[PDB]
Structure formats: C-alpha cells, structure tokens
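Colleague: Sequence plus experimental coordinates follow:
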Amino acid sequence: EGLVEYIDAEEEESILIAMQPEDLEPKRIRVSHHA
Amino acid sequence: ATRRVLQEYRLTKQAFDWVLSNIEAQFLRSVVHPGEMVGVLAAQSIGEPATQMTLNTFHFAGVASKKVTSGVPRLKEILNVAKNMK
Amino acid sequence: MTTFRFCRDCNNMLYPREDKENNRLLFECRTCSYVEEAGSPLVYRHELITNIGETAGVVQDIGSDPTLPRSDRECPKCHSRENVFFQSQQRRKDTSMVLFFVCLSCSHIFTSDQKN
Amino acid sequence: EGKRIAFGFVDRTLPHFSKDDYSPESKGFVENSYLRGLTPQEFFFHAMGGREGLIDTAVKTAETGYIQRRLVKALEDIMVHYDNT
Amino acid sequence: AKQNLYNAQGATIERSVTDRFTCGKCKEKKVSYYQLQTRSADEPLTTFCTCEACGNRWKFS
Amino acid sequence: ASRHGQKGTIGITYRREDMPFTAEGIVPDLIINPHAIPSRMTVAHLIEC
C-alpha cells in the first residue's frame, strides 16, 4: 500500500528521516531539528 | 654546615655523633650486591611500561597539526635503528 | 588562454608552423594539406597556481535536493526570502567556509561575503 | 582519532541531519548525563568512542609482547661482578 | 612584509587553562590539562596535567 | 554476573545468623562491594535495583 519502504545503505545518502514521529510536527534534552 | 647545625637543628655532641654513625651505617648498606642480574632487571623495567604505553600514545593524536611520531612506533623505530624516519 | 583548434578536414588538432620568408605563424594538419593563418602569437599556456574563485558547481534543478538546508535571507534581485544555501562544492583543502545561496524563484547565485 | 565525528556520508554525519551542518550536537557532543539518559545519536557516537579503545587494547597487547620478548632476550646475560664492573 | 612576517610563525598549542591542580615544580596552579579514555575500559579515564609556567608533566588515573 | 558487566566470584558463605538484617527480618541473598560503582559508572545497575 506504499506505507513502508525498504532502504539499503546507498539510497540512504539521498533521504531525510524524522526519528520520532512527534519530531515531524512544527528528563532529557531533545532538540527540535531545523529540517 | 656549621651555621645550619648550631642555628637550625641545635644538636648536642651526643646527637651529632649519633647522626654521623647512623649516616655512615645507612650508606654502607646501599651498595649493590655482586651477583645481581642487572640486565634482566633493566629489560623488565623498560619493557613493562612499554606494555601500558599503547593506551596514552594517541594523546598527541588529539592535536592534528602535531602529527609527529611518538609512542609505540617511535620506540620501534629507535630499537630498529631505522634509516628512514617518518 | 590557449584553445585547441581542429582541422576542418579530418577533425585533427592543428599543429603550429612558421613561415620564414614572410615570417608568419600558421596552423597545419599533419594528415592533409589544410593550412590556416594564425591570428595571435599565443599558442600554448602553462599556469602553475590557480587563483580561481570558488564555484558552487552544478546549479540546475538544485532546489529539488531534500538533504540541502534552507534560510530566510532576502534575495537581492527578486526580493524573495526562500532559498537554498550550501558550502563551496570544490573540495580543495584550504577552501574557506564561505556560503553560497541559490534563490528559489529566480535561481540567482550570491554569497554571504559582501566584500566591496 | 583525535578529531570530532567526521563525515561518514557525503556532507553530513547521520541521515537525520542536513548537508553542511557544523553544530556541536551534530558532530558528537553529549550534553546529557548517565543519570539523565543518552539520546540515540550521541549514543552512537559514544559507541564509536568506546570501540576505539577496545581495539587499542586488543591488538597492542600483542605488539607490546613482541617488543618485551626482544628486549629481555637482548640483555639477559649482564651481571654485576666482584670487580664492581 | 607584515603578512609574510605573520605567515612565518609556527602553530601555537594553546591548552585549556584551569586552576585546580597544583604543580610539583613551581607550584603555580596555571596548569593545563587533557583527559581521555585511553587506558583499558576496565578502568576510568586518564588525565595528564602539564604546568604552563615551568614545563612539569604528570599523570593521574 | 549481572546484566551490566559486573561479574565476580563467591569468596565466602555465611549463615542467616551472621547476616545483617533489617527491622523487618529480611536478609540479603548476597552482598557486593560499593567500590565497584564509581570507576565503572554503571548507574543502570542502581536504577534497575
């Protein structure tokens, strides 16, 4: 259904990944990445 | 020295004789005993810290502009008497 | 800046030659009879150290690379505030850290170093 | 190797960053503590830092062993005599 | 001439300044430090302290 | 061994009478030394406990 994708160690050179899902919206120290 | 004895220590005659005798006795017991195998002692003394030297060799690796050989490779080159240093 | 010149007959590069009785330079092809007249006494050039300003390299369709950062600086030409920015793409050891900005709309290149 | 975490990929250090990033948190800086907890990226960088020392021990054991043997074999027959020489 | 005179200089290894360790040679606490994980991970980090006033060096582990 | 790189050997065994006890009559199945915590920085051992 195009919901997940298999990525090798070469295509990874041309992608961007948000580690937590909540990092995609606009204790420890977690920084808001500028991307 | 005389001034040091009379002014800093204030030793008497008995204490002075005791100090001189003790100094001579403790010196005479420090000479090396004939029969000692000093070669293996020296080799072990030099080469025991060489085993632990590896850990902290790369501290000069913390300075990139100071890429000068020291540590295990430098000791290796000294021992081999290499004719082409790095 | 010397430029290679090809013979019009067989596409081979033209070698220089001299004309003593007229004292003039010519370009001849060693395979055919074509001879052409040299326009300048500059035939070869050998520079040693390159005083080249650092270049952003390929720019075409650079706005579709999603691993390239962004900035809100204002365009000096089209007055747009969205653009892509990156460091010099030439990989010399001694290159400075001078940025390069490519505008999103007008595709205009500029730098963060505004030296007069 | 005496420097910050170099660019393993092209113009970055990890797929979660952006090209040409020089911020400290992106080049291997851990601002947390063992009591607080490490985030994944600084955990990875700490892992590489530890791997370096592990390798160091595991091999330079053998190199130092060889040097020690050569040294002891070279000097094994030296003795203080009764002439004090 | 000024630029050349500036460019003929060597790399200055300026070290971190601190005032906690006491030097054993001149006892001036202006002793620089450098600490790293170099000893076997069975033991904690190793520090090396160098006095910037006299040139003394020592290690703590 | 525990799950944090802290392993050792049994050095002596005691019976329930010589074991230090709490006010509730609980007794430690084993006793380890605290000189193993600082240089290893195994805070996860303490948190797991």
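Modeller: Good, I have the coordinates. Numbering: from 1, shown residues only, chains lettered A, B, ... in the order given.
Colleague: OK, contacts around the closest residue to chain C within chain A?
Modeller: Residue nearest to chain C within chain A (Cβ to the nearest Cβ): residue A:16, separated by 5.5 Å. Where C-beta positions appear, they are placed from N, C-alpha and C, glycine not excepted. Residues in contact with residue A:16 (Cβ atoms under 8 Å, 6 or more residues apart in numbering or on different chains) are A:35, C:66, C:67, D:15, D:16, D:18.
Colleague: Distance of it relative to chain B?
Modeller: For residue A:16, the distance to chain B (Cβ to the nearest Cβ, to the nearest Å) stands at 31 Å.
Colleague: what does stretch C:101-115 rub up against?
Modeller: Contacts of stretch C:101-115 (Cβ under 8 Å, 6+ apart): C:56, C:59, C:62-63, C:71, C:73, C:75-78, C:80, C:82-86, C:98-100.
Colleague: so which helix or strand takes in the residue of chain A most remote from its centre?
Modeller: In chain A, counting by Cα atoms, centre = their mean, residue A:27 sits farthest out from the average C-alpha position, at 22.2 Å. Residue A:27 belongs to no helix or strand when elements are defined using DSSP states H and E.
Colleague: Now it: closest residue in space, sequence neighbours ignored.
Modeller: residue D:36 (7.3 Å; Cβ to Cβ, 6 or more residues apart in numbering or on different chains).
Colleague: residues in contact with the one you found?
Modeller: Contacts of residue D:36 by Cβ under 8 Å, 6+ apart are A:27, A:28, A:29.
Colleague: Which of the contacts of stretch C:101-115 are buried, as a PyMOL select command?
Modeller: To isolate the buried members of the contacts of stretch C:101-115 in PyMOL, using 16 or more other Cβ atoms under 10 Å in any protein chain shown:
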select buried, chain C and resi 56+63+73+75+83+84+85+86+99+100
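Colleague: quick one: which two of the contacts of residue A:16 are the most distant?
Modeller: Spatially, the most separated pair among the contacts of residue A:16 is C:66 and D:16, at 12.8 Å (Cβ to Cβ).
Colleague: With neighbour numbers in mind, choose between these two.
Modeller: Neighbours were counted for residue C:66 and for residue D:16 using other Cβ atoms under 10 Å in any protein chain shown; residue D:16 has more, 17 against 11.
Colleague: For chain F, see how far away that one is.
Modeller: 25 Å.
Colleague: That residue contacts residue A:33, correct?
Modeller: Yes. Taking contacts as Cβ atoms under 8 Å, residue D:16 lies within contact range of residue A:33: 6.9 Å.
Colleague: which residues are common contacts for these two?
Modeller: Contacts common to residue D:16 and residue A:33, judged by Cβ under 8 Å, 6+ apart, are residue A:18.
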